[PDB]
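Here the structure is laid out as structure tokens; the discussion comes afterwards.
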Amino acid sequence: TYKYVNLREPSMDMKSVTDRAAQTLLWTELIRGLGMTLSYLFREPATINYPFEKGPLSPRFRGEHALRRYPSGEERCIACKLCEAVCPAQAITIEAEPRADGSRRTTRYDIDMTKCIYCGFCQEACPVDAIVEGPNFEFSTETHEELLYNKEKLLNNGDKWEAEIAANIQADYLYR
Amino acid sequence: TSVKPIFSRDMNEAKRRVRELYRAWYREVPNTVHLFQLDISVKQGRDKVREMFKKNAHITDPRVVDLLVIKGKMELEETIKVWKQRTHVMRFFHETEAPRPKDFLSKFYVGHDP
Amino acid sequence: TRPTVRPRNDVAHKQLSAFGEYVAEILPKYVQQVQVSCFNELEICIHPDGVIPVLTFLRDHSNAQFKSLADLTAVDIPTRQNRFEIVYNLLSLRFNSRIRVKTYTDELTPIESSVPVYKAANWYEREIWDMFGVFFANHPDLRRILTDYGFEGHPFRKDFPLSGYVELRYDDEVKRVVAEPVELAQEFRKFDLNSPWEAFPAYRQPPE
Amino acid sequence: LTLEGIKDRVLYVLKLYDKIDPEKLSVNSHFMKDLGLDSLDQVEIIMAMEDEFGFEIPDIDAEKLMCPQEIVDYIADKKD
Amino acid sequence: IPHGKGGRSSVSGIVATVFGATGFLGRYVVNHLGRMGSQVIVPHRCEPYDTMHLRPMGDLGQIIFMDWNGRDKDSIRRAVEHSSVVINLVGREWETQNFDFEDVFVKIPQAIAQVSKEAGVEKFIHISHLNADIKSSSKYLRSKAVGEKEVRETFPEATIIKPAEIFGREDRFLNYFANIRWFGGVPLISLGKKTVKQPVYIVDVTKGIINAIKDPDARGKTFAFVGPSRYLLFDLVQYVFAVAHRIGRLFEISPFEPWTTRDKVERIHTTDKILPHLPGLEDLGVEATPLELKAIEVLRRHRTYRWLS
Amino acid sequence: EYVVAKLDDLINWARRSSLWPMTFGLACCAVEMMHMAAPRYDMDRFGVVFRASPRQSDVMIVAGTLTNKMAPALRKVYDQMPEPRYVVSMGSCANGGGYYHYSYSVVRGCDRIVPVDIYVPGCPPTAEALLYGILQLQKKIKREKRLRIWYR
Ligand SMILES: NC(=O)c1ccc[n+]([C@@H]2O[C@H](COP(=O)([O-])OP(=O)(O)OC[C@H]3O[C@@H](n4cnc5c(N)ncnc54)[C@H](OP(=O)(O)O)[C@@H]3O)[C@@H](O)[C@H]2O)c1
Ligand code: SF4
Ligand code: SF4
Ligand code: SF4
């Protein structure tokens with residue numbers, strides 16, 4: 001359909017034009033709002049007082065990585081070379097080679113933490129359900145020699161909290 | 001080959017052209033060399049210009065010799081003005097880059113199979 | 001078939017057969033092919049001669065308005081023996097339709113600017129000179145947009161290896177920020193996805 | 001406005017460049033069936049006789065000179 | 001073992017170490033090892049933040065920092081244990097209110113000529129100066145020619161180096177002049193006689209090392225560094241006013257870091273050009289650089305535009 | 001003797017408690033910088049007043065992606081800043097370039113161009129791991145200007 005805005009004409013009669021000459025010359029407008037709508041300061045401030053208080057999130061949040069393990073640990077990753085092949089940024093790097101018993105596992109697993117674009121494509125391709133984006137924004141170290149991760153940085157970083165992780169998926173896994 | 005040429009017709013008006021804008025370069029190297037506050041021997045600036053124009057020498061054809069120009073005709077826009085900041089210019093004269101051997105036996109001790 | 005498959009509509013496909021039937025009728029000096037995309041859009045294959053001419057007919061008329069120029073672009077195909085391609089794309093405000101105009105070319109053969117017909121091909125023609133290398137003559141201005149001042153390669157065509165030929169890095173040995181050949185920290189792995197068996201019978205290339 | 005004006009100015013210039021001509025200051029020098037250089041180089045010589053003495057050579061002139069004769073002469077009939 | 005090409009993010013098989021390497025010279029060497037590939041372990045004394053302006057020098061995981069004192073015989077033994085070549089630029093100007101300066105050219109260059117010799121470094125290197133002569137001069141210039149004697153005993157293979165008065169970008173040599181806005185230029189000592197020395201440009205010296213850094217076949221065999229042509233005049237002090245057209249300091253200021261009414265005034269006029277028979281440069285070359293052309297750059301003052309020199 | 005090391009409980013508490021950050025808007029990451037100065041998580045009035053001119057600053061901040069043509073601009077601006085300067089990159093594109101890391105016209109990494117100090121990792125860092133990236137930089141002044149004058 002339509003509408004027309006800013007289409008109006010002044011009335012042009014001496015009952016009006018005072019009302020527009022009691023405005024220009026006496027400032028009866030322009031004190032209407034910012035004489036007032038500004039104050040209106042008397043509302044409670046809204047601030048999350050940071051070092052202590054913190055704000056909301058959701059169980060589907062994304063962040064620092066992990067590699068779980070079952071009960072008594074198997075290093076849940078089977079090195080099926082997938083979370084590697086859907087990765088848009090191509091951070092992941094994986095090198096398998098048959099472990100002594102003959103069950104296969106990894107050797108090098110490196111997520112670069114600069115390239116990773118935080119998809120949620122590597123949480124959703126792993127069929128054996130290993131690699132999982134943690135909900136901890138712990139980060140920010142002082143040397144780029146660092147953020148590159150090896151395998152045996154990840155596991156700890158994913159065994160430091162599994163009380164966080166293992167209780168999110170069981171909220172979220174019923175939807176997908 | 002039947003397609004309309006760009007500016008030139010055969011090789012003469014063409015090779016009148018390359019002679020021409022040479023001078024716009026040759027007459028203006030140095031006004032920049034004081035303008036960017038870059039320091040070099042002003043004769044270098046007249047060696048490179050003449051080092052480049054002698055480079056592509058084997059060109060057999062119109063519409064090539066007109067193509068190169070349309071590039072060359074441009075640059076005098078940027079350089080005679082300031083759209084570059086010192087570091088789009090000096091990149092012509094490569095200061096930092098370690099030399100290439102280009103000889104034989106100097107290769108054979110450094111680098112595989114070029 | 002209905003539930004998950006996009007329901008078609010015929011009416012739109014009858015008219016854009018007609019209205020495009022006869023623009024091969026009244027400008028046969030130029031138009032060399034026309035067809036109807038199964039989604040109800042048109043593609044007019046036009047010789048490179050008419051570009052300013054044909055649009056100008058499409059520019060005004062009472063049976064075809066096509067005042068709004070939306071999208072100029074290009075595609076570059078090797079093994080087409082005339083490399084590049086243009087595709088103009090025009091919306092006719094009264095009649096609610098899209099009709100695209102395809103015109104081939106090469107690098108060396110110039111094409112003539114559309115700028116007096118529409119003033120919105122002013123930029124879209126400056127760009128293409130940077131990327132693919134097509135050279136538009138008689139253009140009020142021709143310059144360098146989207147690219148730095150150093151790229152002598154005209155990237156988006158199919159010969160530019162993705163990472164360009166010179167990485168950049170700053171060194172304090174003097175002042176400047178200078179340019180040293182490209183040295184990566186990872187190969188850019190090349191995966192290989194193209195699976196056999198030819199799942200599409202309808203598009204089956206000629207038997208040969 | 002003297003033929004000692006335009007023969008004095010010309011003949012020293014051609015010596016002054018650091019390149020080929022070694023005192024061929026004889027006024028005939030015919031350039032590359034004569035002494036020889038690259039065509040682009042001959043196109044360098046033209047300019048410094050203009051910033052000096054004042055002049056242009058806008059045109060196909062510089063292609064025909066080929067000798068400090070003609071240049072002197074084409075200057076001769078030009079100024080006076 | 002060297003791989004690939006020398007651009008950056010390459011190997012080229014040499015480790016290194018560079019002691020000092022904060023002030024004028026050392027910063028300007030490592031910058032030539034943050035290019036051709038290396039492992040440059042640069043330690044440093046007291047300075048946490050003054051070393052940052054360096055870090056975009058090696059690519060990534062190349063240069064690596066430690067902390068050390070240097071009168072502790074361990075601090076030099078913890079790093080070098082893995083190394084190939086190790087050069088040494090250490091030492092400075094004026095006697096410190098803490099370091100008594102006597103053996104800091106004697107004990108320090110030996111303190112790092114401790115287990116380095118033992119632990120299996122090789123191609124160890126040290127610095128000398130063109131003008132240091134064990135005859136009596138000069139209170140600072142002396143104790144430097146002791147290292148040529150005293151220290152050379154250890155590590156029979158050195159290729160210890162002997163360059164001239166150098167002029168860099170941020171250097172303090174030719175910059176003591178033109179800072180001399182003052183009651184007037186007074187040459188040393190109000191005489192135009194023996195100026196000047198061999199003013200080689202800082203690139204060539206810092207391109208000498210890395211040319212000897214795997215030379216090969218220069219070890220034990222010391223070299224000295226030619227200047228340009230030729231000796232020079234008094235005009236050098238006029239040349240300053242010809243074109244010029246007339247780390248870890250403090251928060252507010254430094255109490256004393258002076259012009260030193262001491263060796264400083266007499267160290268600059270000591271001249272003594274010395275033995276030619278040292279190989280010493282083109283052999284290690286190929287480099288020599290002039291003055292007249294390279295002295296505009298480092299000199300820019302309140303006109304900042306006009307030159308016409 | 002001991003007065004110096006007690007003096008640096010003043011000057012090393014002054015420079016950390018008032019910062020005048022420049023910012024660079026370039027790319028997506030700029031908006032999750034704004035919301036640091038919007039009232040929810042309130043950047044200013046926690047000691048750090050927001051943008052000023054290039055000359056008056058201390059901590060510049062790099063957001064966004066750094067192409068070729070922007071490098072000649074940055075390195076110049078980083079200079080003019082006064083002494084007590086730092087560089088805190090943020091976002092997954094100042095760390096090695098997000099993606100685009102393989103492109104032709106993106107500088108790879110923005111450590112290459114300047115001596116960067118603190119990092120933060122992800123398309124937009126969540127407007128949180130920003131401030132916890134600064135409460136790193138207000139804790140990254142434990143340094144002392146003592147023990148340069150006063151040891152060597
Ligand atoms: N070959 C020549 O032409 C020439 C000319 C002049 C002087 N020199 C002498 O040859 C070497 C060149 O030095 P330079 O050009 O780089 O100037 P420099 O300013 O003396 O550089 C020396 C660096 O090492 C530091 N340093 C001073 N004493 C130290 C010590 N005992 N232990 C560890 N570090 C110490 C200095 O301060 P920090 O301790 O804070 O790091 C400085 O960072 C020096 O020994 C110099 O005295 C040579
Ligand atoms: S997690 Fe899934 S994807 Fe990542 S490695 Fe183990 S199996 Fe392959
Ligand atoms: S996190 Fe996002 S980017 Fe990093 S790997 Fe998994 S998907 Fe690829
Ligand atoms: S990564 Fe940070 S910077 Fe690169 S695009 Fe996503 S947000 Fe903008």
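A note on labels: chains of the structure tokens are A, B, ... as shown, every chain counts residues from 1, and ligands are counted from 1 in their shown order.
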
Contacts to ligand 3 at 10 Å cut-off (only C-alpha atoms and all ligand atoms) as an MDAnalysis selection string: (chainID A and resid 62:65 83:93 110:125 131:133) or (chainID F and resid 98:99 122)

Would you output that residue set with N, CA and C atoms, as a CSV table (one decimal), in the first residue's frame?
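Final output, saved to result-v2.csv:
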```
chain,number,residue,atom,x,y,z
A,62,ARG,N,29.9,-20.7,22.4
A,62,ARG,CA,31.1,-21.2,21.7
A,62,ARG,C,32.4,-20.5,22.3
A,63,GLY,N,33.5,-21.2,22.2
A,63,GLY,CA,34.7,-20.7,22.9
A,63,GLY,C,35.9,-21.7,22.9
A,64,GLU,N,36.7,-21.6,24.0
A,64,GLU,CA,37.9,-22.4,24.1
A,64,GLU,C,37.6,-23.9,24.0
A,65,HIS,N,38.5,-24.7,23.3
A,65,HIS,CA,38.3,-26.0,22.9
A,65,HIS,C,38.7,-27.1,23.9
A,83,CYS,N,36.5,-33.5,11.4
A,83,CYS,CA,36.6,-32.1,12.0
A,83,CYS,C,37.7,-31.4,11.3
A,84,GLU,N,38.6,-32.1,10.6
A,84,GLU,CA,39.6,-31.4,9.8
A,84,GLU,C,39.0,-31.0,8.5
A,85,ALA,N,38.2,-31.8,7.8
A,85,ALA,CA,37.8,-31.6,6.5
A,85,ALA,C,36.6,-30.7,6.2
A,86,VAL,N,35.8,-30.4,7.3
A,86,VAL,CA,34.8,-29.4,7.2
A,86,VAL,C,35.2,-28.0,7.6
A,87,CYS,N,36.5,-27.8,8.0
A,87,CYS,CA,36.9,-26.6,8.7
A,87,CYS,C,37.0,-25.5,7.7
A,88,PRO,N,36.2,-24.5,7.7
A,88,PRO,CA,36.3,-23.4,6.7
A,88,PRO,C,37.7,-22.8,6.8
A,89,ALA,N,38.1,-22.4,7.9
A,89,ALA,CA,39.4,-21.6,8.0
A,89,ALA,C,40.6,-22.5,7.7
A,90,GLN,N,40.5,-23.8,7.9
A,90,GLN,CA,41.6,-24.8,7.8
A,90,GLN,C,42.5,-24.7,9.0
A,91,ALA,N,42.0,-24.4,10.1
A,91,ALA,CA,42.9,-24.4,11.3
A,91,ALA,C,43.4,-25.8,11.6
A,92,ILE,N,42.5,-26.8,11.7
A,92,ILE,CA,42.9,-28.1,12.3
A,92,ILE,C,44.0,-28.8,11.5
A,93,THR,N,44.8,-29.5,12.2
A,93,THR,CA,45.8,-30.4,11.6
A,93,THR,C,46.0,-31.7,12.3
A,110,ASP,N,46.5,-30.0,16.1
A,110,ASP,CA,46.9,-28.6,16.4
A,110,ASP,C,45.7,-27.8,16.0
A,111,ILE,N,45.0,-27.1,16.9
A,111,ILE,CA,44.1,-26.1,16.5
A,111,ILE,C,44.8,-24.8,16.6
A,112,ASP,N,45.0,-24.1,15.5
A,112,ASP,CA,45.5,-22.7,15.6
A,112,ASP,C,44.3,-21.9,16.2
A,113,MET,N,44.6,-21.0,17.1
A,113,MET,CA,43.6,-20.3,17.7
A,113,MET,C,43.5,-18.9,17.2
A,114,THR,N,44.4,-18.5,16.3
A,114,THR,CA,44.1,-17.3,15.5
A,114,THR,C,43.3,-17.5,14.3
A,115,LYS,N,43.5,-18.6,13.6
A,115,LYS,CA,42.8,-18.8,12.3
A,115,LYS,C,41.3,-19.2,12.6
A,116,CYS,N,41.1,-20.0,13.6
A,116,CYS,CA,39.8,-20.5,13.9
A,116,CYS,C,38.8,-19.4,13.9
A,117,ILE,N,37.8,-19.5,13.1
A,117,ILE,CA,36.8,-18.4,12.9
A,117,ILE,C,35.6,-18.7,13.8
A,118,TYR,N,35.6,-19.7,14.7
A,118,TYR,CA,34.5,-20.0,15.5
A,118,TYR,C,33.2,-20.3,14.7
A,119,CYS,N,33.3,-21.4,14.0
A,119,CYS,CA,32.1,-21.8,13.3
A,119,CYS,C,31.1,-22.5,14.2
A,120,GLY,N,31.5,-23.7,14.7
A,120,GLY,CA,30.5,-24.6,15.1
A,120,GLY,C,30.3,-25.5,13.9
A,121,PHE,N,31.3,-25.6,13.1
A,121,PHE,CA,31.4,-26.7,12.2
A,121,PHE,C,32.2,-27.8,12.7
A,122,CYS,N,33.1,-27.6,13.7
A,122,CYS,CA,33.8,-28.8,14.1
A,122,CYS,C,33.2,-29.4,15.4
A,123,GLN,N,32.2,-28.8,15.9
A,123,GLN,CA,31.5,-29.4,17.0
A,123,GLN,C,30.5,-30.4,16.5
A,124,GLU,N,30.0,-30.1,15.2
A,124,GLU,CA,28.9,-30.8,14.6
A,124,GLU,C,29.3,-31.8,13.5
A,125,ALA,N,30.5,-32.0,13.2
A,125,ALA,CA,30.8,-33.1,12.3
A,125,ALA,C,31.4,-34.4,13.0
A,131,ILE,N,35.3,-33.7,19.9
A,131,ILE,CA,35.8,-32.3,20.1
A,131,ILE,C,34.7,-31.3,20.2
A,132,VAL,N,34.8,-30.4,21.2
A,132,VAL,CA,33.7,-29.7,21.8
A,132,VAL,C,34.2,-28.3,22.1
A,133,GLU,N,33.5,-27.3,21.7
A,133,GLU,CA,33.8,-26.0,22.0
A,133,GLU,C,33.4,-25.7,23.5
F,98,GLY,N,42.4,-14.2,11.0
F,98,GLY,CA,41.0,-14.7,10.9
F,98,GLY,C,41.0,-15.8,9.9
F,99,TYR,N,40.1,-15.7,8.9
F,99,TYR,CA,40.5,-16.1,7.6
F,99,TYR,C,40.9,-14.9,6.8
F,122,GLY,N,38.8,-14.0,19.0
F,122,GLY,CA,37.8,-14.7,18.2
F,122,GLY,C,36.9,-13.7,17.5
```

Close residues, residue 11 of chain D itself excluded, 12 Å, only C-alpha atoms, min 4 positions apart in chain, as a PyMOL selection string: chain D and resi 4-7+15-17+21+23-29+49+67-69+71-72

Shell of 12 Å around residue 177 of chain E, only C-alpha atoms, local chain residues under 2 positions omitted, as a PyMOL selection string: chain E and resi 167+171-175+179-182+184-188+236-241+244+246+259+265+268+299

Close residues, residue 112 of chain B itself excluded, 12 Å, only C-alpha atoms, min 3 positions apart in chain, as a PyMOL selection string: (chain B and resi 106-109) or (chain E and resi 2-5)

Would you mind listing, as a compact mmCIF listing (two decimals) with C-alpha atoms, in the first residue's frame, all residues of chain C that have at least one atom within 12 Å of chain B, where only C-alpha atoms are what counts?
```
# COMPACT_ATOMS: atom_id res chain seq x y z
CA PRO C 48 29.83 -7.40 -29.09
CA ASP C 49 28.81 -4.77 -31.68
CA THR C 105 34.91 -10.34 -25.69
CA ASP C 106 38.65 -10.81 -25.43
CA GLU C 107 41.42 -8.89 -23.69
CA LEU C 108 42.74 -7.13 -26.79
CA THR C 109 39.46 -6.29 -28.56
CA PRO C 110 38.05 -3.24 -26.77
CA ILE C 111 34.42 -2.92 -25.79
CA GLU C 112 32.62 0.39 -25.80
CA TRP C 129 39.65 -2.70 -15.73
CA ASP C 130 41.45 -3.51 -12.50
CA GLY C 133 41.89 -6.53 -17.76
CA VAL C 134 39.08 -5.71 -20.19
CA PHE C 135 39.66 -2.19 -21.54
CA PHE C 136 36.64 0.08 -21.96
CA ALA C 137 37.30 2.93 -24.39
CA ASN C 138 35.70 6.38 -24.36
CA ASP C 141 37.60 8.19 -16.44
CA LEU C 142 39.65 5.02 -16.05
CA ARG C 143 41.54 4.31 -12.84
CA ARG C 144 42.25 1.82 -10.07
CA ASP C 148 46.33 -1.50 -4.16
CA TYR C 149 48.71 0.63 -6.23
CA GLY C 150 51.08 -2.24 -6.84
CA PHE C 151 49.09 -5.08 -8.26
CA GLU C 152 50.24 -5.56 -11.83
CA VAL C 166 54.58 -10.43 -2.99
CA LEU C 168 54.56 -7.49 2.68
CA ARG C 169 56.62 -6.90 5.80
CA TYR C 170 58.04 -3.96 7.69
CA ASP C 171 61.70 -3.74 8.69
CA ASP C 172 63.45 -1.12 10.81
CA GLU C 173 66.74 -1.19 8.94
CA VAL C 174 65.51 2.01 7.40
CA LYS C 175 61.99 3.46 7.77
CA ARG C 176 59.75 2.08 5.11
CA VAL C 177 57.36 -0.84 4.83
CA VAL C 178 58.79 -2.92 2.03
CA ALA C 179 57.90 -5.92 -0.06
CA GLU C 180 59.62 -9.34 -0.09
CA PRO C 181 58.48 -12.41 -2.03
```

Contacts with ligand 4 at most 7 Å, only C-alpha atoms and all ligand atoms counted, listed as number ranges by chain: A: 117; F: 27-29, 63-65, 91-93, 97-99, 122-124

Would you save the residues from that selection as a compact mmCIF listing (two decimals), in the first residue's frame, using C-alpha atoms?
```txt
# COMPACT_ATOMS: atom_id res chain seq x y z
CA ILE A 117 36.80 -18.45 12.93
CA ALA F 27 35.73 -4.46 10.31
CA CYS F 28 33.10 -6.44 12.15
CA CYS F 29 35.02 -6.18 15.39
CA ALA F 63 40.37 -4.27 15.29
CA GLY F 64 39.50 -5.50 11.91
CA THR F 65 41.44 -6.67 8.90
CA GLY F 91 39.92 -10.14 17.10
CA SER F 92 40.88 -13.18 15.19
CA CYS F 93 42.07 -11.01 12.29
CA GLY F 97 44.25 -12.93 10.04
CA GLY F 98 41.03 -14.69 10.86
CA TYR F 99 40.46 -16.15 7.60
CA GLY F 122 37.83 -14.70 18.18
CA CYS F 123 35.42 -13.18 15.64
CA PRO F 124 34.08 -10.79 17.69
```

Expected answer as a PyMOL selection string: chain B residues within 12 Å of chain D, only C-alpha atoms: chain B and resi 12-13+15-27+43+46-47+49-55+57

Expected file contents, prior selection, C-alpha atoms, as a compact mmCIF listing (two decimals), in the first residue's frame:
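Heads up, here's the output in again_6.txt:
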```txt
# COMPACT_ATOMS: atom_id res chain seq x y z
CA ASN B 12 54.43 4.69 -36.05
CA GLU B 13 51.86 6.82 -34.33
CA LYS B 15 56.17 4.61 -31.70
CA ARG B 16 55.52 8.30 -31.75
CA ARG B 17 53.56 7.69 -28.57
CA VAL B 18 56.17 5.85 -26.53
CA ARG B 19 58.63 8.55 -27.48
CA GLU B 20 56.13 11.07 -26.18
CA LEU B 21 55.22 10.26 -22.61
CA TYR B 22 58.87 9.46 -22.08
CA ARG B 23 59.44 13.16 -21.67
CA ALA B 24 56.56 13.64 -19.25
CA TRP B 25 58.49 11.13 -17.20
CA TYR B 26 61.87 12.53 -18.22
CA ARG B 27 60.87 16.12 -17.56
CA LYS B 43 70.22 10.78 -12.00
CA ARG B 46 66.57 9.24 -14.89
CA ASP B 47 68.23 5.85 -15.16
CA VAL B 49 62.82 5.62 -16.47
CA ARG B 50 65.23 4.83 -19.27
CA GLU B 51 65.81 1.39 -17.77
CA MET B 52 62.14 0.49 -18.09
CA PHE B 53 61.33 1.97 -21.51
CA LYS B 54 64.10 -0.16 -22.99
CA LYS B 55 62.77 -3.28 -21.28
CA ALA B 57 61.65 -4.30 -26.74
```

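Minimum atom-to-atom distances from E:50, E:103, E:74, E:165 to ligand 1 were compared using only C-alpha atoms and all ligand atoms, and the lowest value belongs to E:165.
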
Mind listing the residues within 8 Å of ligand 1, only C-alpha atoms and all ligand atoms counted, as a compact mmCIF listing (two decimals) with N, CA and C atoms, in the first residue's frame?
```txt
# COMPACT_ATOMS: atom_id res chain seq x y z
N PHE E 19 75.15 -11.04 22.51
CA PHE E 19 75.09 -10.33 23.77
C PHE E 19 75.01 -8.84 23.52
N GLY E 20 74.60 -8.10 24.53
CA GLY E 20 74.30 -6.71 24.27
C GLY E 20 73.09 -6.65 23.37
N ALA E 21 73.22 -6.09 22.18
CA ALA E 21 72.13 -6.08 21.22
C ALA E 21 70.90 -5.44 21.83
N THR E 22 71.07 -4.27 22.29
CA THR E 22 70.00 -3.33 22.56
C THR E 22 70.30 -1.98 21.96
N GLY E 23 71.40 -1.37 22.34
CA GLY E 23 71.78 -0.08 21.81
C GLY E 23 72.17 -0.16 20.35
N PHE E 24 72.75 0.94 19.88
CA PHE E 24 72.82 1.25 18.46
C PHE E 24 73.29 0.08 17.60
N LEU E 25 74.40 -0.55 17.96
CA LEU E 25 74.90 -1.54 17.02
C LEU E 25 74.08 -2.82 17.05
N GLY E 26 73.92 -3.40 18.24
CA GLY E 26 73.32 -4.72 18.33
C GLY E 26 71.93 -4.80 17.74
N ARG E 27 71.10 -3.79 17.96
CA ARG E 27 69.82 -3.76 17.29
C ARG E 27 69.98 -3.84 15.79
N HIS E 44 69.60 -9.86 27.47
CA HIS E 44 69.64 -8.44 27.72
C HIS E 44 69.70 -8.26 29.21
N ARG E 45 70.12 -7.08 29.64
CA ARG E 45 70.37 -6.93 31.06
C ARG E 45 69.12 -6.59 31.85
N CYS E 46 68.78 -5.30 31.89
CA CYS E 46 67.79 -4.83 32.86
C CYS E 46 66.46 -4.46 32.24
N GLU E 47 66.36 -4.50 30.93
CA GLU E 47 65.32 -3.73 30.25
C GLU E 47 64.14 -4.58 29.81
N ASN E 69 72.87 -11.13 34.08
CA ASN E 69 73.65 -10.08 34.73
C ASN E 69 75.03 -9.94 34.13
N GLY E 70 75.82 -11.01 34.14
CA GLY E 70 77.10 -11.04 33.45
C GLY E 70 78.30 -11.08 34.36
N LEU E 89 79.36 -7.82 21.10
CA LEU E 89 79.48 -6.38 20.97
C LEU E 89 79.55 -5.66 22.31
N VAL E 90 79.59 -6.39 23.42
CA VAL E 90 79.25 -5.80 24.70
C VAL E 90 80.25 -4.71 25.06
N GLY E 91 79.87 -3.86 25.99
CA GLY E 91 80.69 -2.73 26.39
C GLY E 91 80.11 -1.42 25.90
N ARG E 92 80.63 -0.33 26.44
CA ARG E 92 80.00 0.96 26.21
C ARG E 92 81.03 2.07 26.41
N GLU E 93 80.52 3.29 26.47
CA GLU E 93 81.17 4.53 26.87
C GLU E 93 81.21 4.60 28.40
N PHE E 99 79.50 -0.09 37.81
CA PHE E 99 80.58 -0.83 37.18
C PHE E 99 81.79 0.08 37.04
N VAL E 104 85.51 -4.33 32.58
CA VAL E 104 84.32 -4.64 31.80
C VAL E 104 84.68 -4.84 30.33
N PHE E 105 85.86 -4.38 29.91
CA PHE E 105 86.47 -4.87 28.68
C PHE E 105 87.42 -6.03 28.92
N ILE E 108 84.47 -9.07 31.69
CA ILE E 108 83.23 -9.40 30.99
C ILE E 108 83.54 -10.15 29.70
N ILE E 127 84.86 -7.56 19.41
CA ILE E 127 85.06 -6.30 18.71
C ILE E 127 86.33 -5.61 19.22
N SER E 128 86.99 -4.91 18.30
CA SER E 128 88.09 -4.01 18.61
C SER E 128 87.78 -2.67 17.98
N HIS E 129 88.74 -1.76 18.00
CA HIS E 129 88.55 -0.44 17.44
C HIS E 129 89.82 -0.04 16.72
N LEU E 130 89.67 0.69 15.61
CA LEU E 130 90.80 0.97 14.72
C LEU E 130 91.89 1.76 15.43
N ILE E 161 87.53 -8.26 15.31
CA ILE E 161 87.26 -7.32 14.24
C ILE E 161 87.79 -5.95 14.65
N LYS E 162 88.22 -5.16 13.67
CA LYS E 162 88.74 -3.83 14.00
C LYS E 162 88.22 -2.78 13.03
N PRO E 163 87.07 -2.19 13.32
CA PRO E 163 86.51 -1.13 12.48
C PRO E 163 86.88 0.27 12.96
N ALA E 164 86.41 1.25 12.21
CA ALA E 164 86.76 2.66 12.38
C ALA E 164 85.69 3.40 13.18
N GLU E 165 85.74 4.73 13.15
CA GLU E 165 84.62 5.55 13.58
C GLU E 165 83.48 5.42 12.57
N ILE E 166 82.29 4.99 13.06
CA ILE E 166 81.13 4.61 12.26
C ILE E 166 80.03 5.66 12.41
N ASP E 171 73.13 6.84 15.68
CA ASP E 171 74.44 6.71 16.31
C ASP E 171 74.81 7.98 17.07
N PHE E 173 78.14 8.95 17.30
CA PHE E 173 79.45 9.42 16.88
C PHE E 173 79.34 10.76 16.18
N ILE E 247 67.40 4.21 26.22
CA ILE E 247 67.03 2.93 26.80
C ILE E 247 67.14 2.99 28.31
N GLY E 248 66.04 2.69 28.98
CA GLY E 248 66.01 2.64 30.43
C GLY E 248 66.51 3.92 31.08
N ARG F 148 67.23 0.20 36.23
CA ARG F 148 68.03 0.56 35.08
C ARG F 148 68.97 1.71 35.38
N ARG F 152 72.55 -0.97 36.96
CA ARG F 152 73.64 -0.69 36.05
C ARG F 152 73.86 0.81 36.00
```

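If you look at atom CA of residue 72 of chain E and atom CA of residue 98 of chain E, they are 15.6 Å away from each other.
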
Ligand 2 neighbours within 7 Å using only C-alpha atoms and all ligand atoms, as a list in words: residues 76, 77, 78, 79, 80, 81, 82, 83, 84, 125, 126, 127, 128, 129, 130 and 131 of chain A
